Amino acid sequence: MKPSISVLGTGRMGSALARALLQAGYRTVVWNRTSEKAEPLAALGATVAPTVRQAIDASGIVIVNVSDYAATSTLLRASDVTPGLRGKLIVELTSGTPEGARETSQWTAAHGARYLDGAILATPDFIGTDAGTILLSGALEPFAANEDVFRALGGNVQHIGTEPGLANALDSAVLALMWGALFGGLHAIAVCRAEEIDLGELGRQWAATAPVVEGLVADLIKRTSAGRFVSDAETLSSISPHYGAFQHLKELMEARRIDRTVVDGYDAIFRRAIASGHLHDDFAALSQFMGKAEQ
């Protein structure tokens, strides 16, 4: 076939989604409240639909990419547009909860629309590339039928199961890692700022040292999955040296008036693990001490 495809939301992402569809030779129609933010996509060859309704019935698949499900829900569940959803495919690529996916599934189905709920595990620069990862959950047929449309967004766009909440559950897990790393960087930058270290140096040192962290994270997951909490020949780090080295960071942050709210959080997990006889056990032991302290 080669359908017409609509994108609702011309944000930073969404704009990317749209450009990636234009670059693969799909007729792409775009709507955005604050329509001036959608003008750039006109020049790249998209048609700028004046309203949601015009957009959702100008195309046979509709990709949504706005703030949250609350905003999706006010665009698509309006009496204005709900009648037009018949036979269309809604692909909800906005960040949401698994209950949010299950609700949006049920109301789209109730208006004669097919539903795919998706988590974009990728920044704008990755949409269009063979590396671009988007996880989609929902019915299989509407995915299988349009594999060509999904390939235009990324080479690593995958269908992961029937149950439509699955994509967002996974999204929340992966985003937990992403924020850990990023708030790690925010700390790293605050330390460098305090000890008058050029961030260029931090940059070129992270380039070199990132693979070590990747090994460490991968190890955490492998070991936790296997219940290998006790120290053994294969562990690369025990809690003792982590906690020992960590002290030096706390003291530095205390001295330099850097917010400790986050690291005091780490401390509490360490101390919980050490309170059980885990001082000299693999870093993965910490995974058993993730629940709330008070009971």
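The numbering used is simple: start at 1 and walk along the sequence shown.
Trainee: Higher mean Cα B-factor in the deposited model: 58-66 or 32-40?
Mentor: If you average the C-alpha B-factors of 58-66 and of 32-40, the larger mean comes out for 32-40.
Trainee: According to the deposited model, is the average Cα temperature factor higher in 185-193 or in 153-161?
Mentor: The entry gives the higher C-alpha B-factor average to 153-161.
Trainee: Choose from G180, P142, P211, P98 the residue with the greatest Cα B-factor as stated in the PDB record.
Mentor: Answer, based on the entry's C-alpha B-factors: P142.
Trainee: Go through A119, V91, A131, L175 one by one and give the residue whose Cα B-factor in the PDB entry is largest.
Mentor: Going by the entry's C-alpha B-factors, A131 comes out highest.
Trainee: Name the third of the chain's ranked CA B-factors that contains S238, choosing lowest, middle or highest.
Mentor: Lowest third.
Trainee: If you rank the chain by CA B-factor, which third does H248 end up in: lowest, middle or highest?
Mentor: According to the entry, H248 has a C-alpha B-factor in the chain's lowest third.
Trainee: Which third, lowest, middle or highest, does the CA B-factor of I258 fall in along this chain?
Mentor: According to the entry, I258 has a C-alpha B-factor in the chain's middle third.
Trainee: Hey, what third does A218 fall into on Cα B-factor, ranked over its chain?
Mentor: Ranked within chain, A218 CA B lands in the lowest tercile.
Trainee: Lowest, middle or highest third of the chain for the C-alpha temperature factor of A24?
Mentor: According to the entry, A24 has a C-alpha B-factor in the chain's highest third.
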